[PDB]
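Here is the file final_22.txt (compact mmCIF, C-alpha atoms).
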```txt
# COMPACT_ATOMS: atom_id res chain seq x y z
CA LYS A 3158 51.32 -10.42 -77.80
CA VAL A 3159 51.65 -13.23 -80.35
CA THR A 3160 54.24 -12.80 -83.08
CA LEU A 3161 53.49 -14.19 -86.54
CA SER A 3162 55.58 -15.58 -89.39
CA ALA A 3163 53.80 -13.39 -91.96
CA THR A 3164 51.86 -10.15 -92.26
CA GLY A 3165 48.41 -10.70 -90.78
CA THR A 3166 44.98 -9.18 -91.32
CA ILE A 3167 41.47 -9.48 -89.91
CA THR A 3168 38.78 -9.08 -92.56
CA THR A 3169 36.53 -6.70 -90.61
CA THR A 3170 37.50 -4.83 -87.46
CA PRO A 3171 36.90 -4.65 -84.58
CA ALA A 3172 36.30 -8.35 -83.94
CA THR A 3173 33.88 -9.42 -81.21
CA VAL A 3174 34.16 -12.00 -78.44
CA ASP A 3175 32.51 -14.68 -80.58
CA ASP A 3176 34.94 -14.20 -83.47
CA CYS A 3177 37.98 -14.16 -81.18
CA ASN A 3178 37.15 -17.53 -79.63
CA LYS A 3179 37.61 -18.86 -83.18
CA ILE A 3180 40.97 -17.07 -83.55
CA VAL A 3181 42.93 -17.96 -80.40
CA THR A 3182 42.56 -20.77 -77.86
CA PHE A 3183 44.23 -20.94 -74.45
CA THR A 3184 45.39 -23.91 -72.38
CA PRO A 3185 44.12 -23.71 -69.65
CA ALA A 3186 40.98 -22.04 -70.99
CA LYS A 3187 40.29 -18.32 -70.58
CA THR A 3188 37.41 -15.89 -71.02
CA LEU A 3189 38.18 -12.95 -73.27
CA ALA A 3190 37.46 -9.29 -72.56
CA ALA A 3191 34.22 -7.56 -73.53
CA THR A 3192 35.96 -4.76 -75.48
CA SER A 3193 38.77 -5.02 -78.05
CA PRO A 3194 39.52 -8.70 -77.37
CA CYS A 3195 41.93 -9.08 -80.31
CA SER A 3196 43.58 -6.99 -83.03
CA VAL A 3197 46.43 -7.18 -85.53
CA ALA A 3198 49.03 -4.72 -86.81
CA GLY A 3199 51.72 -6.10 -89.09
CA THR A 3200 53.38 -9.21 -87.66
CA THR A 3201 51.82 -8.98 -84.19
CA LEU A 3202 48.45 -9.82 -82.62
CA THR A 3203 47.34 -8.43 -79.25
CA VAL A 3204 44.75 -10.36 -77.22
CA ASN A 3205 43.12 -8.68 -74.21
CA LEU A 3206 41.93 -11.12 -71.56
CA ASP A 3207 39.31 -10.84 -68.83
CA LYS A 3208 40.31 -9.55 -65.40
CA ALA A 3209 38.62 -12.61 -63.87
CA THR A 3210 41.01 -14.96 -65.74
CA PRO A 3211 44.48 -13.40 -65.99
CA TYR A 3212 47.84 -14.73 -67.14
CA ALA A 3213 49.11 -17.45 -64.81
CA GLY A 3214 52.76 -18.09 -65.74
CA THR A 3215 52.52 -21.69 -67.01
CA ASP A 3216 50.15 -21.06 -69.91
CA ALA A 3217 50.33 -21.68 -73.66
CA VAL A 3218 48.60 -20.15 -76.68
CA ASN A 3219 47.86 -21.53 -80.13
CA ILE A 3220 45.87 -20.83 -83.27
CA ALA A 3221 42.37 -22.16 -82.67
CA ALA A 3222 41.54 -25.17 -84.83
CA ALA A 3223 38.28 -23.56 -85.99
CA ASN A 3224 40.15 -20.59 -87.52
CA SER A 3225 40.38 -22.39 -90.89
CA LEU A 3226 37.04 -24.08 -91.58
CA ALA A 3227 33.42 -23.41 -92.54
CA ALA A 3228 32.10 -20.32 -94.33
CA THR A 3229 30.48 -18.48 -91.39
CA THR A 3230 33.77 -17.21 -90.02
CA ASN A 3231 35.94 -14.09 -89.78
CA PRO A 3232 39.36 -15.75 -89.75
CA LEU A 3233 42.73 -14.11 -89.29
CA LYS A 3234 44.48 -14.65 -92.61
CA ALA A 3235 47.85 -13.79 -94.15
CA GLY A 3236 47.15 -12.64 -97.67
CA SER A 3237 44.45 -15.16 -98.59
CA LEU A 3238 45.48 -18.21 -96.53
CA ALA A 3239 44.06 -18.75 -93.07
CA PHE A 3240 46.52 -19.38 -90.26
CA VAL A 3241 46.97 -23.02 -89.26
CA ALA A 3242 47.51 -24.50 -85.81
CA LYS A 3243 51.03 -25.55 -84.89
CA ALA A 3244 51.62 -29.14 -83.83
CA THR A 3245 52.90 -27.98 -80.43
CA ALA A 3246 51.48 -25.00 -78.57
CA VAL A 3247 53.73 -22.10 -77.61
CA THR A 3248 54.75 -21.08 -74.10
CA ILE A 3249 54.18 -17.43 -73.19
CA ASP A 3250 57.28 -15.46 -72.21
CA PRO A 3251 56.64 -12.90 -69.44
CA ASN A 3252 58.04 -9.40 -69.79
CA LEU A 3253 58.60 -6.54 -67.36
CA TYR A 3254 55.50 -4.40 -66.80
CA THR A 3255 56.36 -1.08 -65.13
CA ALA A 3256 59.22 0.78 -63.47
CA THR A 3257 58.89 3.53 -60.88
CA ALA A 3258 61.06 5.76 -58.68
CA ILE A 3259 59.63 5.56 -55.16
CA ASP A 3260 62.83 7.28 -54.01
CA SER A 3261 65.93 9.07 -55.27
CA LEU A 3262 67.98 5.88 -54.80
CA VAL A 3263 65.36 3.13 -55.18
CA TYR A 3264 63.13 1.77 -57.94
CA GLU A 3265 60.15 -0.56 -58.10
CA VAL A 3266 59.21 -2.96 -60.90
CA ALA A 3267 55.88 -4.71 -61.45
CA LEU A 3268 55.29 -8.13 -62.97
CA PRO A 3269 52.45 -9.84 -64.86
CA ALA A 3270 52.29 -12.79 -62.43
CA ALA A 3271 54.02 -14.50 -59.52
CA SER A 3272 57.70 -15.16 -60.16
CA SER A 3273 60.98 -16.26 -58.58
CA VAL A 3274 64.68 -15.29 -58.56
CA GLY A 3275 66.08 -18.53 -57.12
CA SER A 3276 66.56 -20.11 -53.71
CA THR A 3277 68.85 -17.38 -52.31
CA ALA A 3278 69.02 -13.59 -52.27
CA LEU A 3279 71.24 -12.13 -54.98
CA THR A 3280 74.07 -9.65 -54.57
CA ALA A 3281 74.93 -6.54 -56.58
CA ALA A 3282 77.01 -8.45 -59.13
CA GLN A 3283 74.40 -11.12 -59.85
CA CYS A 3284 71.63 -8.55 -60.29
CA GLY A 3285 73.88 -6.40 -62.47
CA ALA A 3286 73.66 -9.10 -65.15
CA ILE A 3287 69.85 -9.35 -64.88
CA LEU A 3288 68.77 -5.71 -65.14
CA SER A 3289 70.30 -3.28 -67.64
CA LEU A 3290 70.01 0.37 -66.62
CA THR A 3291 70.55 2.39 -69.79
CA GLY A 3292 72.49 5.23 -68.19
CA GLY A 3293 75.91 5.26 -66.60
CA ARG A 3294 74.42 4.01 -63.34
CA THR A 3295 75.20 1.41 -60.68
CA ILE A 3296 73.50 -1.01 -58.31
CA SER A 3297 73.95 -0.64 -54.56
CA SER A 3298 77.37 -1.66 -53.25
CA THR A 3299 76.26 -1.37 -49.61
CA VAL A 3300 72.77 -2.91 -49.47
CA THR A 3301 72.91 -6.59 -48.54
CA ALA A 3302 69.83 -7.42 -50.67
CA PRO A 3303 69.90 -4.94 -53.57
CA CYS A 3304 67.29 -7.00 -55.46
CA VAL A 3305 64.30 -8.54 -53.68
CA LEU A 3306 60.66 -9.53 -54.23
CA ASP A 3307 57.59 -8.92 -52.10
CA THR A 3308 55.32 -11.46 -50.41
CA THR A 3309 53.07 -12.01 -53.44
CA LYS A 3310 56.16 -12.07 -55.71
CA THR A 3311 54.79 -9.48 -58.15
CA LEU A 3312 57.02 -6.48 -57.30
CA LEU A 3313 60.81 -6.28 -57.52
CA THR A 3314 62.65 -3.55 -55.61
CA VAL A 3315 66.06 -2.32 -56.79
CA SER A 3316 68.57 -0.17 -54.91
CA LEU A 3317 70.90 2.19 -56.75
CA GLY A 3318 74.27 3.77 -56.10
CA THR A 3319 73.65 7.08 -57.85
CA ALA A 3320 70.61 9.32 -57.75
CA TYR A 3321 67.83 8.60 -60.22
CA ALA A 3322 67.28 11.39 -62.75
CA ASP A 3323 64.58 12.00 -65.34
CA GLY A 3324 65.28 10.01 -68.48
CA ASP A 3325 66.01 6.66 -66.82
CA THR A 3326 64.94 3.32 -68.25
CA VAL A 3327 65.19 -0.37 -67.34
CA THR A 3328 65.24 -3.56 -69.41
CA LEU A 3329 66.57 -7.08 -68.94
CA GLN A 3330 69.94 -8.08 -70.36
CA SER A 3331 70.55 -10.24 -73.43
CA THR A 3332 72.75 -13.02 -71.99
CA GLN A 3333 71.29 -15.34 -69.39
CA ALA A 3334 72.93 -16.06 -66.05
CA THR A 3335 72.62 -18.82 -63.45
CA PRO A 3336 69.60 -17.63 -61.38
CA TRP A 3337 67.84 -15.32 -63.86
CA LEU A 3338 64.17 -14.38 -63.37
CA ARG A 3339 61.38 -16.90 -64.01
CA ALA A 3340 57.59 -17.14 -63.77
CA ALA A 3341 55.40 -19.08 -61.31
CA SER A 3342 58.12 -21.52 -60.13
CA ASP A 3343 61.85 -21.98 -59.74
CA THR A 3344 61.61 -24.15 -62.88
CA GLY A 3345 59.18 -21.94 -64.79
CA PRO A 3346 59.52 -19.97 -68.02
CA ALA A 3347 62.34 -17.44 -68.24
CA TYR A 3348 61.76 -13.74 -68.79
CA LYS A 3349 62.78 -12.15 -72.08
CA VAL A 3350 64.04 -8.79 -73.32
CA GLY A 3351 61.53 -6.45 -74.92
CA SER A 3352 59.87 -3.04 -74.68
CA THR A 3353 62.27 -0.72 -72.88
CA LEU A 3354 60.47 0.78 -69.89
CA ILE A 3355 60.44 4.34 -68.55
CA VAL A 3356 60.64 5.05 -64.82
CA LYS A 3357 57.84 7.32 -63.60
CA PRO A 3358 58.04 9.48 -60.45
CA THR A 3359 55.68 9.07 -57.51
CA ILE A 3360 55.44 10.03 -53.84
CA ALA A 3361 58.27 9.12 -51.46
CA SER A 3362 56.95 9.98 -47.97
CA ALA A 3363 54.86 12.50 -46.03
CA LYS A 3364 54.95 13.81 -42.46
CA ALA A 3365 52.65 16.23 -40.64
CA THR A 3366 54.55 19.08 -38.97
CA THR A 3367 51.55 20.88 -37.43
CA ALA A 3368 47.90 20.01 -36.85
CA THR A 3369 47.12 21.33 -40.35
CA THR A 3370 50.35 21.06 -42.40
CA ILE A 3371 51.72 18.17 -44.46
CA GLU A 3372 55.03 17.89 -46.32
CA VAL A 3373 55.40 15.40 -49.16
CA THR A 3374 58.85 14.38 -50.40
CA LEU A 3375 59.62 13.95 -54.11
CA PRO A 3376 62.16 11.52 -55.63
CA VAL A 3377 63.53 14.31 -57.86
CA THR A 3378 63.29 18.06 -58.43
CA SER A 3379 59.82 19.04 -59.59
CA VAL A 3380 57.60 22.02 -60.38
CA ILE A 3381 53.85 22.36 -60.88
CA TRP A 3382 53.18 23.31 -64.51
CA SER A 3383 50.18 24.85 -66.27
CA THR A 3384 49.34 24.11 -69.91
CA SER A 3385 46.68 26.48 -71.28
CA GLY A 3386 45.22 28.41 -68.35
CA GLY A 3387 48.75 29.72 -68.09
CA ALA A 3388 51.87 28.56 -69.91
CA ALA A 3389 54.32 27.72 -67.11
CA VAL A 3390 54.76 27.01 -63.40
CA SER A 3391 52.12 28.03 -60.85
CA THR A 3392 52.52 29.58 -57.38
CA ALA A 3393 49.45 28.70 -55.27
CA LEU A 3394 46.35 26.53 -55.63
CA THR A 3395 42.92 26.01 -54.07
CA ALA A 3396 41.07 22.99 -52.74
CA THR A 3397 39.54 22.32 -56.16
CA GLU A 3398 42.73 22.53 -58.24
CA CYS A 3399 45.05 20.78 -55.75
CA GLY A 3400 42.26 18.20 -55.42
CA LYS A 3401 42.60 17.04 -59.01
CA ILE A 3402 46.28 16.33 -58.29
CA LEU A 3403 46.14 14.35 -55.02
CA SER A 3404 43.93 13.70 -52.00
CA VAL A 3405 44.18 13.04 -48.27
CA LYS A 3406 42.27 9.96 -47.14
CA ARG A 3407 40.79 8.91 -43.80
CA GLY A 3408 38.98 5.59 -43.73
CA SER A 3409 36.17 5.68 -46.28
CA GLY A 3410 36.07 9.50 -46.41
CA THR A 3411 38.29 12.37 -47.46
CA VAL A 3412 39.74 15.31 -45.53
CA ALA A 3413 38.85 18.84 -46.62
CA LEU A 3414 41.77 20.91 -47.89
CA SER A 3415 42.20 24.66 -47.54
CA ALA A 3416 39.88 26.96 -49.47
CA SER A 3417 42.91 28.91 -50.72
CA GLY A 3418 46.66 28.34 -50.83
CA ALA A 3419 46.19 24.59 -50.44
CA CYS A 3420 49.21 23.54 -52.56
CA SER A 3421 52.63 25.20 -52.62
CA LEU A 3422 55.74 24.27 -54.60
CA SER A 3423 58.60 26.43 -55.84
CA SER A 3424 58.88 27.69 -59.41
CA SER A 3425 62.67 27.27 -59.57
CA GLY A 3426 62.41 23.64 -58.44
CA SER A 3427 61.71 21.99 -55.09
CA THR A 3428 61.71 18.56 -53.46
CA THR A 3429 59.07 19.35 -50.80
CA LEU A 3430 55.41 20.00 -51.63
CA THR A 3431 53.21 21.49 -48.91
CA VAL A 3432 49.52 20.73 -48.42
CA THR A 3433 47.37 22.72 -45.99
CA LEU A 3434 44.19 21.39 -44.40
CA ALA A 3435 40.98 23.24 -43.59
CA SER A 3436 40.83 25.50 -40.55
CA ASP A 3437 38.26 23.17 -38.94
CA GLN A 3438 40.15 19.89 -39.55
CA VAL A 3439 43.27 18.36 -37.98
CA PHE A 3440 45.68 15.50 -38.64
CA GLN A 3441 45.16 12.17 -36.89
CA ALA A 3442 46.89 8.81 -36.90
CA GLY A 3443 46.11 6.55 -39.84
CA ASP A 3444 45.82 9.24 -42.50
CA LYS A 3445 46.96 8.55 -46.05
CA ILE A 3446 47.86 10.44 -49.22
CA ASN A 3447 48.42 9.53 -52.87
CA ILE A 3448 48.69 11.04 -56.33
CA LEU A 3449 45.40 10.66 -58.19
CA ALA A 3450 45.14 9.35 -61.74
CA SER A 3451 43.56 12.65 -62.82
CA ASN A 3452 46.99 14.28 -62.67
CA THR A 3453 47.83 12.61 -66.00
CA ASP A 3454 44.60 13.83 -67.66
CA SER A 3455 45.88 16.75 -69.72
CA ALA A 3456 42.45 17.33 -71.27
CA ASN A 3457 41.13 18.50 -67.87
CA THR A 3458 43.79 19.10 -65.19
CA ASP A 3459 45.35 22.32 -66.42
CA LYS A 3460 47.74 22.49 -63.45
CA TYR A 3461 49.58 19.28 -62.61
CA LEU A 3462 52.63 17.93 -60.81
CA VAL A 3463 55.60 17.17 -63.07
CA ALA A 3464 59.31 16.42 -62.72
CA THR A 3465 62.27 18.55 -63.85
CA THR A 3466 61.89 22.32 -64.34
CA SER A 3467 59.84 21.88 -67.51
CA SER A 3468 56.80 20.11 -68.95
CA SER A 3469 59.03 17.84 -71.05
CA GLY A 3470 59.48 15.67 -67.95
CA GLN A 3471 57.27 12.94 -66.56
CA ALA A 3472 54.12 13.39 -64.50
CA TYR A 3473 53.30 11.81 -61.15
CA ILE A 3474 51.26 8.62 -60.81
CA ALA A 3475 49.65 6.72 -57.95
CA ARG A 3476 51.77 4.55 -55.67
CA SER A 3477 50.96 0.86 -55.30
CA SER A 3478 50.09 1.51 -51.64
CA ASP A 3479 48.69 4.64 -50.03
CA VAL A 3480 51.39 6.54 -48.15
CA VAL A 3481 50.57 6.84 -44.44
CA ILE A 3482 51.59 10.13 -42.85
CA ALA A 3483 54.10 10.10 -39.98
CA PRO A 3484 53.57 12.35 -36.93
CA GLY A 3485 56.34 14.91 -36.75
CA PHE A 3486 55.41 17.20 -33.86
CA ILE A 3487 54.77 17.04 -30.12
CA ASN A 3488 52.55 19.27 -28.01
CA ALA A 3489 54.37 20.07 -24.75
CA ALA A 3490 56.99 18.82 -22.29
CA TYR A 3491 56.30 18.58 -18.55
CA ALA A 3492 58.55 17.83 -15.57
CA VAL A 3493 56.19 15.69 -13.48
CA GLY A 3494 59.03 14.82 -11.10
CA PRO A 3495 62.71 15.45 -10.40
CA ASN A 3496 63.55 12.49 -12.67
CA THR A 3497 60.29 11.82 -14.59
CA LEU A 3498 58.84 13.69 -17.57
CA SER A 3499 55.56 13.56 -19.48
CA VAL A 3500 55.10 14.62 -23.11
CA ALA A 3501 51.73 15.29 -24.74
CA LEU A 3502 51.37 13.23 -27.94
CA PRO A 3503 49.05 14.70 -30.60
CA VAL A 3504 47.43 11.38 -31.63
CA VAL A 3505 46.84 7.82 -30.49
CA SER A 3506 50.17 6.15 -29.81
CA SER A 3507 51.85 2.94 -28.69
CA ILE A 3508 55.35 1.65 -27.96
CA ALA A 3509 57.16 -1.67 -27.74
CA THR A 3510 58.05 -3.33 -24.45
CA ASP A 3511 61.78 -3.87 -25.11
CA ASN A 3512 62.56 -0.42 -26.52
CA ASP A 3513 65.60 1.59 -25.45
CA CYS A 3514 64.20 5.06 -24.75
CA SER A 3515 67.52 6.68 -25.73
CA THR A 3516 66.47 6.25 -29.39
CA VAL A 3517 63.09 7.94 -28.89
CA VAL A 3518 63.97 11.32 -27.33
CA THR A 3519 66.86 13.61 -26.41
CA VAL A 3520 67.10 15.96 -23.42
CA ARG A 3521 69.59 18.83 -23.59
CA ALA A 3522 70.10 22.43 -22.54
CA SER A 3523 68.68 25.15 -24.77
CA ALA A 3524 71.77 27.15 -23.78
CA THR A 3525 74.22 25.50 -26.21
CA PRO A 3526 73.53 21.96 -27.50
CA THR A 3527 75.88 20.34 -24.96
CA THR A 3528 75.14 18.74 -21.57
CA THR A 3529 72.55 16.12 -22.40
CA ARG A 3530 70.76 14.36 -19.56
CA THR A 3531 70.78 10.56 -19.48
CA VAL A 3532 67.56 8.82 -20.56
CA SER A 3533 67.23 5.35 -19.03
CA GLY A 3534 64.74 2.51 -19.18
CA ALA A 3535 61.92 1.57 -21.53
```

Structure encoded using structure tokens:
Amino acid sequence: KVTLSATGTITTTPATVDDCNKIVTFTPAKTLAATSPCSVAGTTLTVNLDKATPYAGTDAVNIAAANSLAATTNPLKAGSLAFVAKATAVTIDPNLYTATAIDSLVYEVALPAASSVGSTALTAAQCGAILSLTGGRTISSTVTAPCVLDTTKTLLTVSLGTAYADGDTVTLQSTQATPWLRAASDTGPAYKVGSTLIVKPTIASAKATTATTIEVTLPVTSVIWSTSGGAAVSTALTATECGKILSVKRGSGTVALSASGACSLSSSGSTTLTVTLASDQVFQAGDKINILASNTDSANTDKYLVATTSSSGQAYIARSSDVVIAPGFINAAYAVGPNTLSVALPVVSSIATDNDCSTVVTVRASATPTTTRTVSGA
């Protein structure tokens, strides 16, 4: 987005690629998108780049020198004058991209390019001056690294002190601090305040409790709502309807859900959503699950997964990484010796060499929960 000093217009719209190369130039050079490469509305011009040449973090933009010459042109002009090129190009200020609630006490924020927060990991106080959470909320007072970046330095994870609730938003503060957030280097451009973001809900986790049951966990209370087929919450779905909301993956294929009663979720509000598999399929290690993009398509998906006990809340969107399901059940327990046991594990399994087995199992008496037996050795 390039701000302008005066109201701007493009003579005929939409412009093409060829026109736009005569309207904006990049340093380093870029290739513009094949559809809607530039457009103007008031004092702002949006330029859509190609996915093969994205924003880098040390880039500058300027009015192309050819924008104000010749007669075979479609220049961007304010009133009747064509825009002129500044003596010095302008540096592009990155802005926050998305916010998401991957948990009831954790967020996740995306970035337009690689970035940096300094040479050391912040604390709650330092990151309280960077991010402004609109509500009466707090940052974690117990997490040692409440603000942190991932390996590629494109995602920022925040930890909260009070539960996230629908209606939350995030935006950077107005006054700068010592570390602040920058782009592409410790001495790169600083981030700026701008479009207040809205936090969208997504999946939190998922475990398999039987060979054919799965239980997803939601960051907040949610119901499944119907728009026109009904007018309110649902009660039970099929493979087709609960297959335009999410899917269960396995390698390159997909697992077949139940022909009926595939999706269940309360009408008064629940945090667990149950998915049932087909009678002839079973859960195995390495299975994944995610919310599909079709859940947000109101023109088609009549029944869809939404937060709060109403349709005025936000819908559910795909996670940045497919959630892998955790085994949550065991087959049987045997006493293969006076002091040795053997437990059937439903799937492929492994274990570390230096583990303390007292954190893997627990032996006790079914008659009252007292009188545990001592588990020793790896």

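Distances from A:3170, A:3216, A:3200, A:3295 to residue 3185 of chain A were compared using all atoms listed in the file, and the smallest one belongs to A:3216.
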
- [ ] With a distance cut-off of 12 Å and all atoms listed in the file, select the neighbouring residues of residue 3280 of chain A, excluding the residue or stretch itself and same-chain residues fewer than 4 positions from it, and output the selection as a list in words.
- [x]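 Neighbouring residues, sequence-local ones excluded: residues 3274, 3284, 3285, 3286, 3287, 3296, 3297, 3298, 3299, 3300, 3301, 3302, 3303, 3304, 3305, 3315, 3316 and 3336 of chain A.
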
- [ ] Extract, using all atoms listed in the file, all DNA, RNA and protein residues at most 6 Å from residue 3194 of chain A, discarding same-chain residues fewer than 2 positions from it, and format them as a VMD selection string.
- [x] chain A and resid 3190 3192 3204 to 3205

TODO: Identify which of the residues A:3242, A:3412, A:3474, A:3355 lies closest to residue 3454 of chain A, counting only C-alpha atoms when measuring atom-to-atom distances.
DONE: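 For residue 3454 of chain A, the nearest of the candidates is A:3474.
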
- [ ] Report the distance between atom CA of residue 3453 of chain A and atom CA of residue 3265 of chain A in Å, rounded to one decimal place.
- [x] 19.7 Å

Open item on the list: Counting only C-alpha atoms, which residues have an atom no more than 12 Å from (54.0, 25.2, -59.9) in the file's coordinates? Please list them as number ranges by chain.
Closed with: A: 3378-3384, 3387-3394, 3398-3399, 3402, 3420-3427, 3429-3431, 3459-3468

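The gap separating atom CA of residue 3329 of chain A from atom CA of residue 3351 of chain A is 7.8 Å, in Å to one decimal.
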
Task: Atomic distance atom CA of residue 3433 of chain A - atom CA of residue 3372 of chain A, expressed in Å with one decimal - done: 9.1 Å

Open item on the list: List as a ChimeraX atom specification the protein and nucleic acid residues near residue 3268 of chain A, meaning an atom at most 12 Å away when all atoms listed in the file are counted, but skip any in the same chain fewer than 3 places from it.
Closed with: /A:3212-3214,3250-3256,3265,3271-3273,3306-3307,3309-3314,3338-3341,3348

TODO: Find the spatial neighbours of residue 3182 of chain A, counting only C-alpha atoms, within a cut-off of 10 Å - ignore same-chain residues fewer than 6 positions away - and output them as a ChimeraX atom specification.
DONE: /A:3188,3217-3224,3246
